[PDB]
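This report concerns only the one structure given below.
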Amino acid sequence: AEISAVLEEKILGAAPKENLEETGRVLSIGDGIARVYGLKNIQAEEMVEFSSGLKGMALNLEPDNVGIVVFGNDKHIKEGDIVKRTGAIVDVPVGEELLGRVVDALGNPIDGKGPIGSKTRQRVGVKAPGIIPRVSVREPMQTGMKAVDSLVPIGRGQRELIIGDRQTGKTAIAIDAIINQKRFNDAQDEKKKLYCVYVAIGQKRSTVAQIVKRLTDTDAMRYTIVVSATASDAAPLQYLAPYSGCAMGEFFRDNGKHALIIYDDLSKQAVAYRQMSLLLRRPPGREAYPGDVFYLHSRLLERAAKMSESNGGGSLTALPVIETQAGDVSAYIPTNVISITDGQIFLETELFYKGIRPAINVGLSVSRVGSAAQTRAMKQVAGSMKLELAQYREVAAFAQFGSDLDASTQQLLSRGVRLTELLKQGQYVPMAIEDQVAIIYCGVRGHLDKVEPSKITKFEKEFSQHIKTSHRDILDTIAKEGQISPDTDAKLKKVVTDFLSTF
Amino acid sequence: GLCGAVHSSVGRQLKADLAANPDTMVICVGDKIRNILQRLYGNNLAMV
Amino acid sequence: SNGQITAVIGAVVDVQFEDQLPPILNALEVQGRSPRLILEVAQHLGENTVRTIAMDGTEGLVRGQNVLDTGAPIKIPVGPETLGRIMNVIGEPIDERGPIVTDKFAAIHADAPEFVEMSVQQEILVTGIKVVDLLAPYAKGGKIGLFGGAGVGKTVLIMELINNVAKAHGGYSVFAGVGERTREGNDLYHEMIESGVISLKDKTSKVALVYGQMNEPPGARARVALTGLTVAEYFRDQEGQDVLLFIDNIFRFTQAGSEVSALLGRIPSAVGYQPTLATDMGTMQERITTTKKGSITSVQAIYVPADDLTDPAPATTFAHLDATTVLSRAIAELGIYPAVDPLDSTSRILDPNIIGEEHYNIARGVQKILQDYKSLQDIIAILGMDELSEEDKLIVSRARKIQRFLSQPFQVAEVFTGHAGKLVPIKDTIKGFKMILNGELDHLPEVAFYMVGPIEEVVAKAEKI
Amino acid sequence: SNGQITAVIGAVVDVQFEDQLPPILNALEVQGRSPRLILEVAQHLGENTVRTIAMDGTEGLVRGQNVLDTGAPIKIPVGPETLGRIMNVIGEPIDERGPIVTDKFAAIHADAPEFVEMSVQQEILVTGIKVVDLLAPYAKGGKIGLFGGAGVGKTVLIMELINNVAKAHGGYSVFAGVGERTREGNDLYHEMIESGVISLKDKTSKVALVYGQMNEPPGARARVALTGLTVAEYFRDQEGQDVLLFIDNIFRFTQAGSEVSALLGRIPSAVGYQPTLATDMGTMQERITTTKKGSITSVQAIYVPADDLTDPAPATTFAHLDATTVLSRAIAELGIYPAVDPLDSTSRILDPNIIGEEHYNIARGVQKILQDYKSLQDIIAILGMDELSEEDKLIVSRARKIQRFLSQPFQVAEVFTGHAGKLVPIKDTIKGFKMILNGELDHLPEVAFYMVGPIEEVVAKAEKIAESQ
Amino acid sequence: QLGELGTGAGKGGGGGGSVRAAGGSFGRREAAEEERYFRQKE
Amino acid sequence: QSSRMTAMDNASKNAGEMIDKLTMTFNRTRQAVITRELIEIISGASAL
Ligand SMILES: Nc1ncnc2c1ncn2[C@@H]1O[C@H](COP(=O)(O)OP(=O)(O)OP(=O)(O)O)[C@@H](O)[C@H]1O
Ligand SMILES: Nc1ncnc2c1ncn2[C@@H]1O[C@H](COP(=O)(O)OP(=O)(O)OP(=O)(O)O)[C@@H](O)[C@H]1O
Ligand SMILES: Nc1ncnc2c1ncn2[C@@H]1O[C@H](COP(=O)(O)OP(=O)(O)O)[C@@H](O)[C@H]1O
Ligand SMILES: [Mg+2]
Ligand SMILES: [Mg+2]
Ligand SMILES: [Mg+2]
């Protein structure tokens, strides 16, 4: 602390007034970093307020100055401006008043729909739940996609990474998961309701506006909170936005309800955090990232948990998004998030342009919850599907130069081709779990071997309609039983053969 | 096999014979011709 | 107040003030310079010293030279008086046609429009380029990026877009030459005065030119894109117009920022770039958008260094664009022009509910054949064409016919190619690729599909052989 | 003495003392703090200032806050009272079962046992895993490393080793959860309770758990491995027991040291790491050893970043282990579980004079067939299977039978797959692979060798396939 | 999408020789001819 | 035999060309890795 005014008043023995323990003055300001002299009673990661009305967070506490990141444009901050302590660390509004609202990283509404009447505020940096308060992940979290709910299942309380290149369908997976919860939120079952939270980090405001337009048209906005820290916002806002959205989802998790968080995308939050660390003169590491960039994502995603029945039983499900560069998952940030999350959904550009949409690489996509994240009917049909897809994987290569094949092998090749075309699905149309089970069950029991793969989608709509208004007793029978009995299997096969004769 | 386009083009010429003389039995010397042509005209193969 | 120069290192000048510091982004004017030298305040260093970035050359500057504070950021002329004129980064006219007499001025630093002022409507902008109109169609009002290396063709592609879209356009256009050839600026300027888009006689001009080229210092090259934005922002907001903004090229804005950042005392980021690469780009790119007041259709050429799409500057630009057009050197070396990569260009309007079911299915069908061709090309390279007899050879034959048919002669490339330029309606484009996908043209040679616009010229070329 | 906080930058806190300075590795406690934040002295900066790393979150720290020197390093409770309990990095009970009432405390920093105290006993530890028992057999009292990337099966393998060894071991066991998922720690805690290894009622608990997970700061994740090691060292030394030390994941000890090393004023090393990587790993690993007083059988899961075994953290760990089992993604993608690479996993007791001549010759014979299989695959790609001669036909056929037979269903993975778990004796493993090498089962299909424990189940599965088809 | 055999070691499907580790289409050819032979045997 | 001889001749020439291009790509990537790793170490050393 040796500046010319402070040095000179130390020579005179003036003992100056305006004591700098709850206040301070800016020494240097630039690139969103303000070095402030004073603020002696300040706390680490504490909010401050500048004389221009802007807010800031004190990250570096040093004997001479305080390193403060600026929540906005630093053109308003000037050298010698008065910085005041807020007195508390960063907190955001929480509650159900934020459902249907678009907010920034600090909780201020940006959709122009008026003030938010929230009653409670939680600090964004709470500690994750421990070993005791959480229970094993057991409830299915329905994405609505056949390739996800069967092969890479997601349970309530699980971090599942959606990783891929640019324009591979990562946002498509996340938005369709939010849209799929319309069925459960309309129903009377309070246990199966899911309140989604979408966090947009570093995107365009027109991209976020297109997201809100899609969610409002599908009426998914009533249970969705959109936290938006776009590219025009400051790097501290984009860094703070996943923790703000996590705190909003932690309100539902701690109150017995089930919430879903999408961080779209965490690769941009690392870029924002790298910019703050470099401009705070902290020494960089791999790809100029700070050392604590792993702890950045680990302390965020660990707060996604399935609480025990003594803590209300609520869950917090996280779907982080990571963008790779030409499929390089050996980079610093994709490697960290893969090692943190409970599973991955790899999306490949080669599969995307081969017609496979969603472009999920089944050989690279894992899920550490396994069959416990699936319902009983889905577990019965996805296990048989995983065996048949494994058998198809052994025999799918024969189309390269093979010409004569065994009759059983040809049946395996034909059924697996039907299954690969079964896993394809259009965008913005998530299907219910009963429809996914029924279509997959027909695919793995040979009910589609006589159908050309080009008409699989037409069969998927029309046959499901036929067993909906006419054979709804069978659907009630499966729902009450919870699985597929041999008698129900024979009944469904007879309806399939009757429908194929009429087809 | 894997000698080039030998068995593929010869079988292709044989396929043109199947579109010209569908009722002609064919005696093949080699399994590759049998592999290609059994799917199309397995009812018109004398011996391989 | 009045300051004095403390340090001059390249484009970065440190100025110390006595009474009151100018704010960040304020414009400072150096006194003893015969042309105007403008310094833009970047940061406060302490001890009443600010660190500035010069918009021109810093040679001849001495320490202690008086610097005047204008009290405002860089304000440039805006309005109808800028149409048909060429201005530099600081708004001075460089067309030697006198001053830009106007009452309207605007700072080149402005906040991006808020989330409320966003338009969600998407309509297809028909270009006349078959590869663009089919696989990655442009939105009428939206951000379009032209990724490519050096020589793959981005100036030619953006000049063809000016020739097709901007000539028949009910509105105004803005061209921002950012770190490109001054020869190209002279060629485009005389192209406008010859095509009538710029009128030197009366006030019927429709395009405003802003040029900071590759001979300019890094301060001018990192701010002249903001000057082109400010002219286009005035037309969108204060007049409600539909504006075209062509930027050639936006990588030079980021590259010039890295050159200044070396002298700003920052810890370098990945691949030697500035730490604020994404934030500076995001602040600039979010101002280029269509709001409820007016629409801006922006086409931005984007240079990739060393033909690397994983470089931080092109990679962060990908998320700012509705439609991307990635130009490949391998395609250009095959003689296919425009060298658009079919499996790397996206549109964000390639949707059955936006462009139609038949347009979407043909585009997805084309990409499926070309992706199957890329998978088979390793067998073709080492072993040869002997693979799967009828099936894979039909895939190769159709894909090579599609690759030839994606090529198209440009009207702006007619001087150095000889082939007449073709403007192809999008109905003829989807009809032409549907004929190739259906197998109706398997008997034609693949030379007949090359460098001809309509599919009727393909069969006419085949009959000529 | 008493000190005051000078700087707080990340997980690194600089504190200044007026009296005598605390030594390096001493434990400091922040006074005006509710969850008992503890700082560990890392270096003396001069001018009566020491630089520390925080064992908990640093939010809310104020410059000038009083810090108290405990006069000793971090001391944790040790003894039988830690059995069936969960401890954090600083020894506080995090299982919500009240305080750990005990009389014995041990510092988590200690010197490694000397060269005179080293034991050269090497006897084979039978685990029931066929690829482990045959190709890279574990030794009792030796160090075992489970190398692998993310998702290859290190956690499932270390859960299977706990099920097969620690349930009927005899003597205490210690699990150290270092920088992993809290869900996995909750899953293991309840699996131990259901298995009876943890008793919530009686004193018959066998395993002591120490957990510092991904949500912990880098200071806690870089010291929690020393906390679990201190519990294992007390059981080895002060009780003479045979101790099982399961660590997952030991890479997080290295990674958490690299996160704070930049803020400690260190130039980065190659790739990007602390310059003290080999020394910090060496001091930690050489405490985990079999003394002449007692034996510690250590099984450590080792994360391989981006599946690059030449990364400095897995590469330095190789020299510290008697047996290393490398889990490969290529093996896992084929469906083979466990995904142990047969041509990348080594053991020190893989000797004719330790495991017998028949065990050694079959293991070397298996590795020779699998190596020739990799060499022949390039000829298969170009020449095709048609032109290979009957010798290479039998090499490829027996290699695929061997490669399928290395897979095995796990009891802890039964909920994942549905296959019942199987435990295979070492004698049945040697006999089963000898039959495949001799060619006694050349008429069997290769699908009969997939996910079956003994070779008698291979014959039964082949008969079932033949009878059904 | 299933990680076809021979597409690459760690790339979804593969594991074995240099061609199978490299993946692409020759690893697919190696897996195709090998699995065709052993399916004919069974 | 003539077709198999000229097919292997074409395959060996094409593999030889692919070896040369992959060798230059390997040399560029090896040099880029060394340069990038050293710049990261220098940046960490200079930031102290
Ligand atoms: N299952 C699908 N079927 C059809 N089109 C799809 C599907 N999934 C995604 N798409 C389309 O592919 C394009 C890219 O997908 P999306 O934008 O979701 O990917 P992304 O990885 O989020 O891209 P970005 O890198 O721009 O964020 C969009 O035009 C989207 O409509
Ligand atoms: N559509 C086209 N038709 C024919 N030739 C073309 C076309 N586009 C580009 N070329 C060729 O490529 C050259 C490069 O043109 P252009 O200036 O557009 O490239 P660029 O990407 O802007 O490169 P630079 O980095 O030099 O600005 C042209 O002079 C011409 O030879
Ligand atoms: N022995 C096994 N049998 C079957 N699947 C396994 C086995 N081991 C691992 N897996 C697969 O790996 C996933 C869990 O991997 P895990 O052990 O958590 O990896 P890591 O040790 O790297 O965390 C499971 O979803 C499962 O599908
Ligand atoms: Mg997206
Ligand atoms: Mg150009
Ligand atoms: Mg693990």
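In the structure tokens, chains take letters A, B, ... by order of appearance, with residues numbered from 1 within each chain and ligands from 1 in the order shown.
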
* Write out as a ChimeraX atom specification every residue belonging to chain C that has an atom at most 8 Å from any atom of chain A, counting only C-alpha atoms. => /C:21,23-25,42-48,112,114-116,118-120,266-271,275-276,278-279,282-284,286,289,310,319-320,343,346,364,367-369,371-372,387-388

* Which chain F residues are at most 12 Å from chain A (counting only C-alpha atoms), as a ChimeraX atom specification? -> /F:33,36-48

Once you have the residues from the selection above, write them out as a JSON list (two decimals), in the first residue's frame, restricted to N, CA, C and O atoms.
```json
[["chain", "number", "residue", "atom", "x", "y", "z"],
["F", 33, "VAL", "N", 3.35, -29.33, -31.02],
["F", 33, "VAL", "CA", 3.17, -29.74, -29.63],
["F", 33, "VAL", "C", 4.31, -29.21, -28.77],
["F", 33, "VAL", "O", 4.09, -28.70, -27.66],
["F", 36, "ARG", "N", 3.86, -25.34, -28.47],
["F", 36, "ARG", "CA", 2.72, -24.97, -27.64],
["F", 36, "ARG", "C", 2.98, -25.27, -26.17],
["F", 36, "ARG", "O", 2.59, -24.48, -25.30],
["F", 37, "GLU", "N", 3.62, -26.40, -25.87],
["F", 37, "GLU", "CA", 3.91, -26.75, -24.49],
["F", 37, "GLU", "C", 4.90, -25.78, -23.86],
["F", 37, "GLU", "O", 4.79, -25.44, -22.68],
["F", 38, "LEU", "N", 5.89, -25.33, -24.63],
["F", 38, "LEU", "CA", 6.88, -24.40, -24.10],
["F", 38, "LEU", "C", 6.29, -23.02, -23.86],
["F", 38, "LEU", "O", 6.66, -22.34, -22.90],
["F", 39, "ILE", "N", 5.38, -22.59, -24.73],
["F", 39, "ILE", "CA", 4.73, -21.29, -24.56],
["F", 39, "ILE", "C", 3.87, -21.29, -23.30],
["F", 39, "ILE", "O", 3.80, -20.29, -22.57],
["F", 40, "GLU", "N", 3.23, -22.42, -22.99],
["F", 40, "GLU", "CA", 2.46, -22.54, -21.76],
["F", 40, "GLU", "C", 3.36, -22.45, -20.53],
["F", 40, "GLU", "O", 2.98, -21.85, -19.52],
["F", 41, "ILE", "N", 4.55, -23.04, -20.60],
["F", 41, "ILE", "CA", 5.49, -22.97, -19.48],
["F", 41, "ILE", "C", 6.03, -21.56, -19.32],
["F", 41, "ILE", "O", 6.18, -21.06, -18.20],
["F", 42, "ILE", "N", 6.34, -20.89, -20.44],
["F", 42, "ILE", "CA", 6.84, -19.52, -20.40],
["F", 42, "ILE", "C", 5.78, -18.58, -19.84],
["F", 42, "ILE", "O", 6.09, -17.70, -19.03],
["F", 43, "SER", "N", 4.53, -18.75, -20.26],
["F", 43, "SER", "CA", 3.45, -17.90, -19.77],
["F", 43, "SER", "C", 3.23, -18.09, -18.27],
["F", 43, "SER", "O", 2.96, -17.13, -17.55],
["F", 44, "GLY", "N", 3.33, -19.33, -17.79],
["F", 44, "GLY", "CA", 3.25, -19.57, -16.36],
["F", 44, "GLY", "C", 4.43, -18.99, -15.61],
["F", 44, "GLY", "O", 4.28, -18.51, -14.48],
["F", 45, "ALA", "N", 5.62, -19.03, -16.22],
["F", 45, "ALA", "CA", 6.80, -18.48, -15.56],
["F", 45, "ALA", "C", 6.78, -16.96, -15.56],
["F", 45, "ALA", "O", 7.22, -16.33, -14.59],
["F", 46, "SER", "N", 6.29, -16.35, -16.64],
["F", 46, "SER", "CA", 6.28, -14.89, -16.72],
["F", 46, "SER", "C", 5.19, -14.27, -15.85],
["F", 46, "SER", "O", 5.32, -13.12, -15.43],
["F", 47, "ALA", "N", 4.12, -15.02, -15.57],
["F", 47, "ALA", "CA", 3.02, -14.49, -14.78],
["F", 47, "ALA", "C", 3.32, -14.47, -13.29],
["F", 47, "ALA", "O", 2.52, -13.92, -12.52],
["F", 48, "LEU", "N", 4.44, -15.04, -12.86],
["F", 48, "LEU", "CA", 4.82, -15.01, -11.45],
["F", 48, "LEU", "C", 5.41, -13.66, -11.08],
["F", 48, "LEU", "O", 6.38, -13.20, -11.70]]
```

* Asked: Using only C-alpha atoms and all ligand atoms, which protein or nucleic acid residues are at most 12 Å from ligand 4, as number ranges by chain?
  -> A: 162-175, 199-204, 207-208, 210-211, 262-268, 320-323, 347; C: 318-322, 348

* Asked: When the cut-off is 8 Å and we count only C-alpha atoms, which residues of chain D are near chain B, given as a VMD selection string?
  -> chain D and resid 383 to 384 386

Take the residues from that selection and write them out as a tab-separated table (two decimals), in the first residue's frame, keeping N, CA, C and O atoms.
```
chain	number	residue	atom	x	y	z
D	383	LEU	N	-4.99	-58.98	-46.74
D	383	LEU	CA	-5.09	-60.25	-47.45
D	383	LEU	C	-6.46	-60.89	-47.29
D	383	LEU	O	-6.91	-61.60	-48.19
D	384	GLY	N	-7.12	-60.65	-46.17
D	384	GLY	CA	-8.38	-61.31	-45.88
D	384	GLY	C	-8.19	-62.63	-45.17
D	384	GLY	O	-7.10	-63.20	-45.11
D	386	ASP	N	-9.32	-65.43	-46.12
D	386	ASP	CA	-9.24	-66.55	-47.05
D	386	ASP	C	-7.80	-67.05	-47.19
D	386	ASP	O	-7.57	-68.26	-47.25
```

* To do: All residues within 6 Å of ligand 3 are required, counting only C-alpha atoms and all ligand atoms; please report them as a ChimeraX atom specification.
  => /A:366-368,370 /D:149-156,337-338,410,413

* All residues within 8 Å of ligand 2 are required, counting only C-alpha atoms and all ligand atoms; please report them as a ChimeraX atom specification. => /C:148-158,180-181,301,303,332,337-339,408-410,412-414,416-417

Can I get the selected residues back with N, CA, C and O atoms, as an mmCIF file, in the first residue's frame?
```
data_model
loop_
_atom_site.group_PDB
_atom_site.id
_atom_site.type_symbol
_atom_site.label_atom_id
_atom_site.label_comp_id
_atom_site.auth_asym_id
_atom_site.auth_seq_id
_atom_site.Cartn_x
_atom_site.Cartn_y
_atom_site.Cartn_z
ATOM 1 N N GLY C 148 -13.116 -19.283 -44.095
ATOM 2 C CA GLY C 148 -12.227 -19.768 -45.129
ATOM 3 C C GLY C 148 -10.816 -19.287 -44.884
ATOM 4 O O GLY C 148 -10.583 -18.311 -44.165
ATOM 5 N N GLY C 149 -9.875 -19.996 -45.499
ATOM 6 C CA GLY C 149 -8.473 -19.630 -45.448
ATOM 7 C C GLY C 149 -8.144 -18.537 -46.439
ATOM 8 O O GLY C 149 -9.006 -17.750 -46.846
ATOM 9 N N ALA C 150 -6.881 -18.485 -46.843
ATOM 10 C CA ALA C 150 -6.405 -17.471 -47.771
ATOM 11 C C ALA C 150 -6.441 -18.030 -49.188
ATOM 12 O O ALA C 150 -5.772 -19.025 -49.483
ATOM 13 N N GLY C 151 -7.217 -17.388 -50.057
ATOM 14 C CA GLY C 151 -7.317 -17.789 -51.438
ATOM 15 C C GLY C 151 -8.411 -18.783 -51.750
ATOM 16 O O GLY C 151 -8.632 -19.080 -52.931
ATOM 17 N N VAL C 152 -9.108 -19.308 -50.739
ATOM 18 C CA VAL C 152 -10.189 -20.249 -50.999
ATOM 19 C C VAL C 152 -11.407 -19.552 -51.586
ATOM 20 O O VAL C 152 -12.281 -20.210 -52.158
ATOM 21 N N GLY C 153 -11.483 -18.234 -51.453
ATOM 22 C CA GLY C 153 -12.553 -17.434 -52.006
ATOM 23 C C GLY C 153 -13.571 -17.025 -50.967
ATOM 24 O O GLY C 153 -14.515 -17.761 -50.679
ATOM 25 N N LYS C 154 -13.403 -15.841 -50.432
ATOM 26 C CA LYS C 154 -14.338 -15.188 -49.528
ATOM 27 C C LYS C 154 -14.703 -13.804 -50.021
ATOM 28 O O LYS C 154 -15.862 -13.403 -49.911
ATOM 29 N N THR C 155 -13.730 -13.062 -50.552
ATOM 30 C CA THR C 155 -14.030 -11.792 -51.195
ATOM 31 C C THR C 155 -14.877 -12.001 -52.440
ATOM 32 O O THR C 155 -15.820 -11.244 -52.684
ATOM 33 N N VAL C 156 -14.570 -13.035 -53.229
ATOM 34 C CA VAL C 156 -15.376 -13.343 -54.409
ATOM 35 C C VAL C 156 -16.789 -13.741 -54.000
ATOM 36 O O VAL C 156 -17.775 -13.295 -54.601
ATOM 37 N N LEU C 157 -16.908 -14.565 -52.958
ATOM 38 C CA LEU C 157 -18.219 -14.984 -52.479
ATOM 39 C C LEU C 157 -19.013 -13.813 -51.913
ATOM 40 O O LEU C 157 -20.228 -13.726 -52.118
ATOM 41 N N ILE C 158 -18.350 -12.895 -51.205
ATOM 42 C CA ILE C 158 -19.078 -11.767 -50.636
ATOM 43 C C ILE C 158 -19.362 -10.711 -51.699
ATOM 44 O O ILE C 158 -20.306 -9.927 -51.561
ATOM 45 N N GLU C 180 -8.341 -5.492 -44.926
ATOM 46 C CA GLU C 180 -8.232 -6.176 -46.205
ATOM 47 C C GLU C 180 -7.462 -5.302 -47.191
ATOM 48 O O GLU C 180 -6.894 -4.274 -46.824
ATOM 49 N N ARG C 181 -7.433 -5.728 -48.448
ATOM 50 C CA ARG C 181 -6.638 -5.037 -49.453
ATOM 51 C C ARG C 181 -7.261 -3.696 -49.814
ATOM 52 O O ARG C 181 -8.473 -3.596 -50.021
ATOM 53 N N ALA C 301 -17.276 -12.135 -43.777
ATOM 54 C CA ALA C 301 -16.156 -12.989 -44.137
ATOM 55 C C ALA C 301 -15.276 -13.201 -42.914
ATOM 56 O O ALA C 301 -15.037 -12.276 -42.136
ATOM 57 N N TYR C 303 -11.671 -14.968 -41.820
ATOM 58 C CA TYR C 303 -10.417 -15.618 -42.163
ATOM 59 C C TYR C 303 -10.030 -16.590 -41.059
ATOM 60 O O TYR C 303 -10.124 -16.261 -39.874
ATOM 61 N N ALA C 332 -11.454 -26.368 -53.167
ATOM 62 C CA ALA C 332 -10.973 -25.390 -54.137
ATOM 63 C C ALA C 332 -9.875 -25.961 -55.023
ATOM 64 O O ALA C 332 -9.758 -25.572 -56.190
ATOM 65 N N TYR C 337 -15.933 -24.506 -57.522
ATOM 66 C CA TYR C 337 -16.128 -23.157 -57.022
ATOM 67 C C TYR C 337 -17.614 -22.820 -57.059
ATOM 68 O O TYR C 337 -18.274 -23.060 -58.084
ATOM 69 N N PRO C 338 -18.182 -22.261 -55.978
ATOM 70 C CA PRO C 338 -17.548 -21.867 -54.709
ATOM 71 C C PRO C 338 -17.179 -23.062 -53.836
ATOM 72 O O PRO C 338 -17.897 -24.056 -53.790
ATOM 73 N N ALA C 339 -16.050 -22.990 -53.135
ATOM 74 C CA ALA C 339 -15.513 -24.150 -52.438
ATOM 75 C C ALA C 339 -16.158 -24.343 -51.075
ATOM 76 O O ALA C 339 -15.461 -24.508 -50.072
ATOM 77 N N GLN C 408 -20.675 -23.702 -59.261
ATOM 78 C CA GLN C 408 -21.482 -22.762 -60.023
ATOM 79 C C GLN C 408 -20.633 -21.579 -60.467
ATOM 80 O O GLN C 408 -19.864 -21.034 -59.666
ATOM 81 N N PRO C 409 -20.731 -21.158 -61.726
ATOM 82 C CA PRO C 409 -20.003 -19.960 -62.154
ATOM 83 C C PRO C 409 -20.642 -18.698 -61.597
ATOM 84 O O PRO C 409 -21.864 -18.542 -61.603
ATOM 85 N N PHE C 410 -19.799 -17.793 -61.115
ATOM 86 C CA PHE C 410 -20.247 -16.543 -60.522
ATOM 87 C C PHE C 410 -20.145 -15.408 -61.530
ATOM 88 O O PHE C 410 -19.259 -15.390 -62.387
ATOM 89 N N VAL C 412 -19.413 -12.388 -60.691
ATOM 90 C CA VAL C 412 -18.260 -11.588 -60.300
ATOM 91 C C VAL C 412 -16.949 -12.298 -60.620
ATOM 92 O O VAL C 412 -15.893 -11.653 -60.654
ATOM 93 N N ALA C 413 -16.987 -13.605 -60.870
ATOM 94 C CA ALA C 413 -15.816 -14.369 -61.271
ATOM 95 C C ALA C 413 -15.738 -14.553 -62.778
ATOM 96 O O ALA C 413 -14.855 -15.265 -63.261
ATOM 97 N N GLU C 414 -16.646 -13.924 -63.526
ATOM 98 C CA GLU C 414 -16.711 -14.095 -64.973
ATOM 99 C C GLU C 414 -15.512 -13.486 -65.686
ATOM 100 O O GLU C 414 -15.216 -13.878 -66.821
ATOM 101 N N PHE C 416 -12.202 -13.624 -64.837
ATOM 102 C CA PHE C 416 -11.023 -14.479 -64.853
ATOM 103 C C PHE C 416 -11.349 -15.956 -65.041
ATOM 104 O O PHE C 416 -10.460 -16.798 -64.875
ATOM 105 N N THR C 417 -12.589 -16.297 -65.378
ATOM 106 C CA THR C 417 -12.954 -17.684 -65.633
ATOM 107 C C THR C 417 -13.511 -17.930 -67.024
ATOM 108 O O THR C 417 -13.361 -19.038 -67.542
#
```
